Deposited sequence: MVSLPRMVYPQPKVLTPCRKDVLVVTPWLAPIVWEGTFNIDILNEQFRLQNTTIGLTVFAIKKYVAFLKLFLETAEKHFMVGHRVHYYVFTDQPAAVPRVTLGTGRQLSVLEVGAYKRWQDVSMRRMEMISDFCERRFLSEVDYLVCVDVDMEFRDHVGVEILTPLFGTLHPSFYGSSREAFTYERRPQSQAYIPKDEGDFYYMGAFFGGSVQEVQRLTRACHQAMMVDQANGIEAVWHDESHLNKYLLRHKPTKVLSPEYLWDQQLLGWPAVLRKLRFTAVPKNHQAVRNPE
């Protein structure tokens, strides 16, 4: 027993709720969470969440993890995978039932470009995700959850609209524009500008995507060019060619300090920390 959807009275008339390849764009008021929760519960869905916390970024884990417990996939099985050069630095956060955390120890890379960039490499570690989770969600650690982020996001492949470019035209998009880079996207192409900080999908699609992006980055290195926004550039080139089956609205990646809280955002769910 829920509100009857009515085909002649849309809920959101202010935003695009479907892409032109028929992928939902996820905004508050587009979904009934109760229907979706049942769907995903009926398959005993397990969602993995990957997060890197290399060098000083271990400082962000406590709030990340505490807020994930309040807001992320609450009621579903969750497995956190914390990639860190400092395992002893990972805070012990008490978890809800059916939720667990693994610490994966990795190398502290040369500069920030590589730490951000080698995530694609480090996520692709492959045998294990396939056995343990049905979906993988890949996010920045320097963030907090402030509202529901749940199974509405889950789909074979998704990316998230960069909060600075959702209202913008495409020649404005900061894609890689040098044809020397595997990340190259011409000035007459592109659907959206996706942020590197929040993407995911089924384990098979995320392994594909991260393998591709790593193979593309290595090809650029061997040719002496570094895409302008690094992993985000390659992410955007992958998602142009392999279109995501859901797109998350900027409700899912926001910075209230830089951008306020406009009326088109009914919820701010996952936000940057200073």
* Mind pulling out the bits of the deposited sequence that never got modelled, as residue ranges from 1? => 1 to 7, 132 to 133, 284 to 293
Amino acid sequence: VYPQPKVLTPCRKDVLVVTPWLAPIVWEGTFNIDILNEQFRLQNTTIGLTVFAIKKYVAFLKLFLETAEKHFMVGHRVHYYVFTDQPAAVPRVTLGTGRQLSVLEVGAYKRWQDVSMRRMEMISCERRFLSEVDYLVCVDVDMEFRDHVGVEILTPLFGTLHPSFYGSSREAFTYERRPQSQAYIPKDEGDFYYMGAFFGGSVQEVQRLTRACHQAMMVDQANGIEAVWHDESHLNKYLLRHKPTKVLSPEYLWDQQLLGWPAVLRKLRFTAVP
From here on, numbers count along this sequence of modelled residues.
* Asked: Should residue 111 be counted as unmodelled in at least a third of the other PDB entries compared?
  -> yes
* Decide which of the stretches 130 to 138 and 154 to 162 has the higher mean C-alpha B-factor, going by the entry. => 130 to 138
* 263 to 271 versus 3 to 11: which one carries the higher mean Cα B factor per the record? -> 3 to 11
* Asked: Looking at 76, 92, 79, 148, which has the biggest Cα B factor in the entry?
  -> 92
* To do: Could you check 206, 212, 227, 33 and tell me which one carries the biggest Cα B-factor in the deposited entry?
  => 227
* **Chain-relative CA temperature factor third for residue 66** => middle
* Going by the recorded CA B-factors, say which third of the chain residue 167 sits in, lowest, middle or highest. => highest
* Looking at the C-alpha B-factor of residue 45, is it in the lowest, middle or highest third of its chain? -> middle
* Third of chain Cα B-factors occupied by residue 195 -> middle
* Place residue 37 in the lowest, middle or highest third of its chain's C-alpha B-factors, as listed in the PDB entry. => lowest
